[PDB]
$ cat final08.cif   # mmCIF, C-alpha atoms and all ligand atoms; chains and numbers go by the auth columns
data_protein
#
loop_
_atom_site.group_PDB
_atom_site.id
_atom_site.type_symbol
_atom_site.label_atom_id
_atom_site.label_comp_id
_atom_site.label_asym_id
_atom_site.label_seq_id
_atom_site.Cartn_x
_atom_site.Cartn_y
_atom_site.Cartn_z
_atom_site.B_iso_or_equiv
_atom_site.auth_seq_id
_atom_site.auth_asym_id
ATOM 1 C CA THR A 1 88.746 132.760 100.542 0.00 412 A
ATOM 2 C CA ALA A 2 88.568 132.073 96.774 0.00 413 A
ATOM 3 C CA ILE A 3 91.757 131.025 94.908 0.00 414 A
ATOM 4 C CA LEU A 4 92.182 132.357 91.346 0.00 415 A
ATOM 5 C CA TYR A 5 94.579 131.182 88.638 0.00 416 A
ATOM 6 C CA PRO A 6 94.676 133.100 85.350 0.00 417 A
ATOM 7 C CA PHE A 7 94.719 131.036 82.226 0.00 418 A
ATOM 8 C CA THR A 8 95.494 131.905 78.650 0.00 419 A
ATOM 9 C CA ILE A 9 94.396 130.025 75.511 0.00 420 A
ATOM 10 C CA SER A 10 94.338 130.304 71.763 0.00 421 A
ATOM 11 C CA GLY A 11 91.392 132.426 70.643 0.00 422 A
ATOM 12 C CA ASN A 12 90.598 130.090 67.764 0.00 423 A
ATOM 13 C CA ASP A 13 91.574 126.497 68.508 0.00 424 A
ATOM 14 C CA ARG A 14 88.650 124.723 70.275 0.00 425 A
ATOM 15 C CA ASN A 15 89.776 121.084 69.906 0.00 426 A
ATOM 16 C CA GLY A 16 89.466 118.663 72.904 0.00 427 A
ATOM 17 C CA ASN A 17 89.121 119.455 76.626 0.00 428 A
ATOM 18 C CA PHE A 18 90.212 122.258 78.958 0.00 429 A
ATOM 19 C CA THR A 19 91.917 119.894 81.441 0.00 430 A
ATOM 20 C CA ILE A 20 92.904 121.091 84.933 0.00 431 A
ATOM 21 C CA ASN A 21 95.005 118.982 87.317 0.00 432 A
ATOM 22 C CA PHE A 22 94.450 119.744 91.007 0.00 433 A
ATOM 23 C CA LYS A 23 96.385 118.287 93.921 0.00 434 A
ATOM 24 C CA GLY A 24 95.208 118.116 97.518 0.00 435 A
ATOM 25 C CA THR A 25 93.889 116.146 100.466 0.00 436 A
ATOM 26 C CA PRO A 26 92.839 112.594 99.654 0.00 437 A
ATOM 27 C CA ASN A 27 89.043 112.263 99.469 0.00 438 A
ATOM 28 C CA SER A 28 88.432 116.033 99.885 0.00 439 A
ATOM 29 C CA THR A 29 85.247 117.723 98.500 0.00 440 A
ATOM 30 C CA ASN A 30 85.855 120.711 96.196 0.00 441 A
ATOM 31 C CA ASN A 31 84.096 123.070 93.803 0.00 442 A
ATOM 32 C CA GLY A 32 84.651 126.164 91.688 0.00 443 A
ATOM 33 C CA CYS A 33 84.471 127.401 88.160 0.00 444 A
ATOM 34 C CA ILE A 34 86.277 128.343 85.020 0.00 445 A
ATOM 35 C CA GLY A 35 85.374 131.929 84.167 0.00 446 A
ATOM 36 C CA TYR A 36 85.985 134.430 81.373 0.00 447 A
ATOM 37 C CA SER A 37 84.760 137.727 79.862 0.00 448 A
ATOM 38 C CA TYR A 38 82.507 137.378 76.807 0.00 449 A
ATOM 39 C CA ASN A 39 80.461 140.135 75.126 0.00 450 A
ATOM 40 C CA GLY A 40 81.397 142.458 78.008 0.00 451 A
ATOM 41 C CA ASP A 41 80.166 140.117 80.762 0.00 452 A
ATOM 42 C CA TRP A 42 81.806 137.576 83.053 0.00 453 A
ATOM 43 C CA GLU A 43 80.496 133.989 82.534 0.00 454 A
ATOM 44 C CA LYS A 44 81.210 130.886 84.591 0.00 455 A
ATOM 45 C CA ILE A 45 81.338 127.147 83.935 0.00 456 A
ATOM 46 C CA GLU A 46 81.064 125.315 87.261 0.00 457 A
ATOM 47 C CA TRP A 47 82.997 122.225 88.295 0.00 458 A
ATOM 48 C CA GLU A 48 82.860 120.101 91.448 0.00 459 A
ATOM 49 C CA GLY A 49 84.896 117.066 92.457 0.00 460 A
ATOM 50 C CA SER A 50 86.591 114.952 95.062 0.00 461 A
ATOM 51 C CA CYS A 51 90.308 114.270 95.157 0.00 462 A
ATOM 52 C CA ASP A 52 90.922 110.514 94.790 0.00 463 A
ATOM 53 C CA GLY A 53 92.922 108.355 97.279 0.00 464 A
ATOM 54 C CA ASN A 54 96.179 109.676 95.665 0.00 465 A
ATOM 55 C CA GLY A 55 95.107 113.280 96.297 0.00 466 A
ATOM 56 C CA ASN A 56 94.377 113.842 92.536 0.00 467 A
ATOM 57 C CA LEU A 57 91.416 115.614 90.895 0.00 468 A
ATOM 58 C CA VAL A 58 91.207 116.086 87.110 0.00 469 A
ATOM 59 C CA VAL A 59 88.490 118.510 85.865 0.00 470 A
ATOM 60 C CA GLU A 60 87.680 118.328 82.123 0.00 471 A
ATOM 61 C CA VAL A 61 85.537 120.942 80.445 0.00 472 A
ATOM 62 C CA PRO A 62 84.976 120.656 76.670 0.00 473 A
ATOM 63 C CA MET A 63 86.803 123.493 74.874 0.00 474 A
ATOM 64 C CA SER A 64 83.558 124.056 72.882 0.00 475 A
ATOM 65 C CA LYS A 65 81.916 125.480 76.111 0.00 476 A
ATOM 66 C CA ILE A 66 84.278 128.470 75.812 0.00 477 A
ATOM 67 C CA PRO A 67 83.217 130.674 72.848 0.00 478 A
ATOM 68 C CA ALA A 68 85.871 131.588 70.242 0.00 479 A
ATOM 69 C CA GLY A 69 87.589 134.918 70.504 0.00 480 A
ATOM 70 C CA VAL A 70 88.169 134.245 74.269 0.00 481 A
ATOM 71 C CA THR A 71 91.940 134.242 74.990 0.00 482 A
ATOM 72 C CA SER A 72 92.049 134.360 78.788 0.00 483 A
ATOM 73 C CA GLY A 73 90.073 134.005 82.035 0.00 484 A
ATOM 74 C CA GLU A 74 90.474 132.417 85.534 0.00 485 A
ATOM 75 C CA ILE A 75 90.381 129.005 87.158 0.00 486 A
ATOM 76 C CA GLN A 76 88.688 129.608 90.517 0.00 487 A
ATOM 77 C CA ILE A 77 88.469 127.402 93.611 0.00 488 A
ATOM 78 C CA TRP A 78 85.368 128.383 95.599 0.00 489 A
ATOM 79 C CA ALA A 79 85.489 125.782 98.419 0.00 490 A
ATOM 80 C CA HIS A 80 87.769 122.947 99.496 0.00 491 A
ATOM 81 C CA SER A 81 87.339 120.627 102.492 0.00 492 A
ATOM 82 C CA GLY A 82 91.122 120.148 102.849 0.00 493 A
ATOM 83 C CA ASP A 83 94.143 121.372 100.903 0.00 494 A
ATOM 84 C CA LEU A 84 93.873 121.975 97.144 0.00 495 A
ATOM 85 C CA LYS A 85 96.239 123.685 94.610 0.00 496 A
ATOM 86 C CA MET A 86 96.132 123.757 90.762 0.00 497 A
ATOM 87 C CA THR A 87 99.204 121.987 89.450 0.00 498 A
ATOM 88 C CA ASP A 88 98.428 122.839 85.811 0.00 499 A
ATOM 89 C CA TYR A 89 95.925 123.211 83.032 0.00 500 A
ATOM 90 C CA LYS A 90 96.022 122.432 79.283 0.00 501 A
ATOM 91 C CA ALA A 91 93.728 122.233 76.248 0.00 502 A
ATOM 92 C CA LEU A 92 94.002 118.439 75.402 0.00 503 A
HETATM 93 O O1 LIG B . 78.677 132.114 92.482 0.00 601 B
HETATM 94 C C1 LIG B . 78.861 131.887 93.875 0.00 601 B
HETATM 95 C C2 LIG B . 80.347 131.788 94.138 0.00 601 B
HETATM 96 O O2 LIG B . 80.973 133.013 93.721 0.00 601 B
HETATM 97 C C3 LIG B . 82.322 133.196 94.121 0.00 601 B
HETATM 98 O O3 LIG B . 82.790 134.502 93.728 0.00 601 B
HETATM 99 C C4 LIG B . 83.355 134.560 92.418 0.00 601 B
HETATM 100 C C5 LIG B . 82.344 135.060 91.385 0.00 601 B
HETATM 101 O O4 LIG B . 81.327 134.080 91.097 0.00 601 B
HETATM 102 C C6 LIG B . 83.052 135.425 90.083 0.00 601 B
HETATM 103 O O5 LIG B . 83.561 134.232 89.454 0.00 601 B
HETATM 104 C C7 LIG B . 84.193 136.401 90.353 0.00 601 B
HETATM 105 O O6 LIG B . 84.848 136.686 89.119 0.00 601 B
HETATM 106 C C8 LIG B . 85.597 137.898 89.071 0.00 601 B
HETATM 107 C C9 LIG B . 87.042 137.546 88.677 0.00 601 B
HETATM 108 O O7 LIG B . 87.711 136.992 89.811 0.00 601 B
HETATM 109 C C10 LIG B . 87.804 138.740 88.091 0.00 601 B
HETATM 110 O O8 LIG B . 88.149 139.631 89.149 0.00 601 B
HETATM 111 C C11 LIG B . 86.940 139.462 87.046 0.00 601 B
HETATM 112 O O9 LIG B . 87.559 140.613 86.473 0.00 601 B
HETATM 113 O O10 LIG B . 85.729 139.886 87.667 0.00 601 B
HETATM 114 C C12 LIG B . 84.904 138.781 88.021 0.00 601 B
HETATM 115 C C13 LIG B . 83.537 139.272 88.496 0.00 601 B
HETATM 116 O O11 LIG B . 83.022 140.214 87.537 0.00 601 B
HETATM 117 O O12 LIG B . 85.094 135.810 91.274 0.00 601 B
HETATM 118 C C14 LIG B . 84.549 135.497 92.560 0.00 601 B
HETATM 119 C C15 LIG B . 85.639 134.837 93.398 0.00 601 B
HETATM 120 O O13 LIG B . 86.606 135.803 93.807 0.00 601 B
HETATM 121 C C16 LIG B . 82.408 133.057 95.631 0.00 601 B
HETATM 122 O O14 LIG B . 81.514 134.007 96.235 0.00 601 B
HETATM 123 C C17 LIG B . 81.995 131.638 96.015 0.00 601 B
HETATM 124 O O15 LIG B . 82.142 131.400 97.418 0.00 601 B
HETATM 125 C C18 LIG B . 80.556 131.427 95.607 0.00 601 B
HETATM 126 O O16 LIG B . 80.171 130.064 95.833 0.00 601 B
#
$ encode --input "final08.cif" --output "structure tokens" --more "lines below"
Ligand SMILES: OC[C@H]1O[C@@H](O[C@H]2[C@H](O)[C@H](O)[C@H](O[C@H]3[C@H](O)[C@H](O)[C@H](O)O[C@@H]3CO)O[C@@H]2CO)[C@@H](O)[C@@H](O)[C@@H]1O
Amino acid sequence: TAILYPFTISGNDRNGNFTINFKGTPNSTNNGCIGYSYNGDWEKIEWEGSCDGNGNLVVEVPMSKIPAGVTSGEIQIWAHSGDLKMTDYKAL
């Protein structure tokens, strides 16, 4: 089953990286997306990654991938070999 976390951002500020911290099973395989509505339609930026030996995975997507005017959307986990939860996100 997919796991969805809503996010909210400034509509205008596009400095730096959309940075998501995940926590889960050491060395697990994982993938998903960041998704949002734009011009009426849902668009998706995919991520994939393994948790390190400490159980940490940091996904960084450039804020410039998300068009301006977008204020919200969802962090989605599509598959996870072990445990995985989003601890937080931040534009950085
Ligand atoms: O692309 C294959 C991938 O898709 C997963 O399903 C996703 C969709 O890709 C999409 O991101 C969808 O977005 C929803 C969103 O959750 C919200 O409800 C919004 O209003 O509407 C959009 C769709 O218009 O979310 C699902 C996940 O629930 C899933 O099938 C993966 O296993 C698969 O690899």
$ atom_distance --input "final08.cif" --atom1 "atom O5 of ligand LIG 601 (chain B)" --atom2 "atom CA of residue A:489"
8.7 Å
$ resolve_selection --input "final08.cif" --expression "the PyMOL selection byres (((chain A and resi 496) around 8) and not hetatm)" --output "PyMOL selection string"
chain A and resi 433-435+494-495+497-498
$ closest_residue --input "final08.cif" --among "A:422, A:437, A:451, A:480" --to "ligand LIG 601 (chain B)" --atoms "all atoms listed in the file"
A:451
$ resolve_selection --input "final08.cif" --expression "the PyMOL selection byres (((not hetatm)) within 12 of (chain B and resi 601))" --output "ChimeraX atom specification"
/A:412-418,441-449,451-459,483-491
$ residues_near_point --input "final08.cif" --point "(93.2, 117.5, 85.7)" --cutoff "10 Å" --atoms "only C-alpha atoms" --output "list in words"
residues 429, 430, 431, 432, 433, 434, 467, 468, 469, 470, 471, 472, 497, 498, 499, 500 and 501 of chain A
$ atom_distance --input "final08.cif" --atom1 "atom CA of residue A:479" --atom2 "atom CA of residue A:424"
7.8 Å
$ closest_residue --input "final08.cif" --among "A:492, A:436, A:421, A:450" --to "residue A:465" --atoms "only C-alpha atoms"
A:436
$ closest_residue --input "final08.cif" --among "A:502, A:463, A:473, A:478" --to "residue A:439" --atoms "all atoms listed in the file"
A:463
$ closest_residue --input "final08.cif" --among "A:475, A:461, A:438, A:482" --to "residue A:425" --atoms "all atoms listed in the file"
A:475
$ closest_residue --input "final08.cif" --among "A:460, A:440, A:503, A:428" --to "residue A:477" --atoms "only C-alpha atoms"
A:428
